[PDB]
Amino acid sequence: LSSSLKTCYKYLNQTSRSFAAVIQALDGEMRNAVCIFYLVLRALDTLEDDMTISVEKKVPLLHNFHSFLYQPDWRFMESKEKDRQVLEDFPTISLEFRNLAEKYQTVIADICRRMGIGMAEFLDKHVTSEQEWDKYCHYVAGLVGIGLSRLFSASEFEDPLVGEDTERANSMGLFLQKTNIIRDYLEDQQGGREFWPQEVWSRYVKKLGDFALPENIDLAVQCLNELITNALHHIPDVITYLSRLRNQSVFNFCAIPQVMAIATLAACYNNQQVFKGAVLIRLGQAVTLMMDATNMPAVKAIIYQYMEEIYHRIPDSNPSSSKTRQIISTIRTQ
């Protein structure tokens, strides 16, 4: 019907290779709510990425983005980023945002407000400590998990307990983000962006860029393995979060991406290829090829299979070997 809503779903598919389908498969009111949430977040993220926008011009844009949702004519025409159209045709997006029930608007605007402050905070600095890593990931992904959880509950398709558990919801976002940051080292490196925590990579090399030098491959993998081990600590929370869900369309939406990130970490673990090029995500063992990620018991088994894929490859010599076995042990035994 609505031509503007049509445009939004067009944008959703243009900017989301890996979420559009599951988003469109969401039950009732969640469909549009999550679609709109994805688009405005996409716009806020594009603003953050655009390095052609000076920091002093970017801070206000990020700080006041949540208010733009209520400015019918607001738009940004100076972006040179690839997803710039959601910024250039933002009026069509904010229009549909204002068409959403108020309970959804409140959540989306709140997350944008907080995300903007968070992104602005890290514009002038690099992630140093692992604690700072969690903070950054909390700002660009954790809040997304929290926001989404609140939309699920406000829609009534999910229990109020889902949106209430902000800790676990934050973990869902932290896990996906860390996995992406780890996987995209080379890509981010070649792009002038540094996301790997400094207090970690500085124990291996002088400059993050050195992991890009073939003569430092050994040290690079060791660091890679330490970061992966860090990310695995979020899996217990992920499993707890998914176990609470009761709506199938919501379960598929939340589970598939977590399982893909896990498959991603398994393929990247102790993999020199992370620093040479792209890594191929292989489908799995025999038991996995018999199930898919659409029921909780099956999701656990698929995760456990991937954990052993890793556990099996842990080199006694890796300086994170014990930590890696420990967290995988915890995941198995829980």
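Start at 1 and count along the sequence shown; that's the residue number.
Q) Is it true that residue 282 goes unbuilt in a third or more of the other compared entries of this protein? A) yes, residue 282 frequently unmodelled elsewhere, at least a third of entries.
Q: Would you determine, from the values in the PDB entry, which of 194-202 and 246-254 has the greater average C-alpha temperature factor?
A: Comparing averages over the C-alpha atoms only gives 194-202.
**Q.** Stretch with the greater mean C-alpha B-factor as recorded in the entry, comparing 296-304 against 272-280
**A.** Taking the mean B-factor of the alpha carbons in each, 272-280 is higher.
Q: Kindly indicate the residue among 138, 113, 82, 178 with the greatest C-alpha B-factor in the PDB record.
A: That would be 82, according to the entry.
Q | Member of 167, 124, 158, 96 with the greatest C-alpha B factor (per the PDB record) | A | Spelled out: the listed residue with the top C-alpha B-factor is 124.
Q) Split the chain's modelled residues into thirds by Cα B-factor; is residue 145 in the lowest, middle or highest one? A) Its C-alpha B-factor, which the entry lists for residue 145, ranks in the lowest third among residues of this chain.
Q) What third of its chain, lowest, middle or highest, does the C-alpha temperature factor of residue 318 fall into? A) Ranked within chain, residue 318 CA B lands in the highest tercile.
Q. Lowest, middle or highest third: where is residue 24 by Cα B-factor in its chain?
A. Residue 24: CA B-factor falls in the lowest third of its chain.
**Q.** Ranked C-alpha temperature factor of residue 215 among modelled chain residues, by third
**A.** Highest third of the chain for residue 215's C-alpha B-factor.
Q) Considering only modelled residues of the same chain, in which third does the CA B-factor of residue 331 rank: lowest, middle or highest? A) Middle third, going by the recorded CA B-factors of the chain.
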